[PDB]
């Protein structure tokens, strides 16, 4: 019936798009960003969603929730949830077989199902769409990884219900990005979707035959992405600060919070320019942090992790029994595909083959979902 919006509900960032006047508009949040962190905090009884929540992550690790997409539709006993709980800094309890996030609210223990946190992120995406369109939004197209089972797909629809959204269709993330580049109805082609995000890495082979995408092969690394590239820069500067001033910055959380924020900005900056400056006045009492980070240094610290992304690319091609030449189209997805070195490594692997270009790679999935939303509307 009414407006239908497309939403990219990602592990680390979220993005919303609308299809109006025969084109897609990727919407800005309160801070003027087309992307919103999938973080929720409950510090001093104040619920915050997005970048305001992401900032509390270091100072308040028990009150800040994120990476809830790794728990959604799963049992506490799942092999992947056991590996994740050991990595997540906030408390995850076993609520009679189902994982629950335990936080303190008004001095009381409060438990949330993973779909309750995801719904708070969807509530923010829905509100951005409502004030932009000037109309009530109920229907939405939401994306999910191609590997997501029936439980994970339904748990996402349930997060939508809590948020007041009727998720009319759940589509695959690599199918959404290929749709964004108008690759549907290309008749007899093979598409390789290289998706490197904040926390996960996914490679998918898509085949299009009469406007219908078939997910031919998938591979990846659930613990490889952007936040890893940060940690490597983080490690380097902590080591450097220890050898210069004899102070371990890891003991001071206010110091780690300032450095973490500056490292994320510095990394982004290196995607457009070749050098950047990290300046933090009084990182600790009586010490000013001032260091240069070159694009070259950023690449040297992450080279192994960058090339590691080619291992699942080799696997999809091997599983599909494909030569490199069989790939007709390359689609880059994820905030980390903005890294000039990552683009160069994929191009070099595909012997000079240029990928598709025209959409910000962190917005391509939400762009695809809004195209799908417009098809459903008619």
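Numbering follows the first chain given and starts at 1.
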Requested in this report: May I ask you to compare 140-148 and 178-186 by their mean CA B factor in the entry and name the higher one?
Outcome: 178-186
Query raised in the report: If you average the CA temperature factors over each stretch, which comes out higher, 209-217 or 261-269?
Result: 209-217
Requested in this report: Would you mind checking which of 202, 109, 115, 300 has the top Cα temperature factor in the PDB entry?
Outcome: 109
Query raised in the report: Out of 275, 231, 156, 245, which one has a C-alpha B factor higher than all the others in the entry?
Result: 245
Query raised in the report: Lowest, middle or highest third: where is residue 235 by C-alpha B factor in its chain?
Result: middle
Query raised in the report: Ranked by Cα temperature factor within the chain, is residue 366 in the lowest third, the middle third or the highest third?
Result: middle
Query - B-factor third for the C-alpha atom of residue 100 within its chain - result: lowest
Query raised in the report: Hey, what third does residue 42 fall into on Cα B-factor, ranked over its chain?
Result: middle
Query raised in the report: C-alpha B factor of residue 62, ranked within the chain: lowest, middle or highest third?
Result: middle
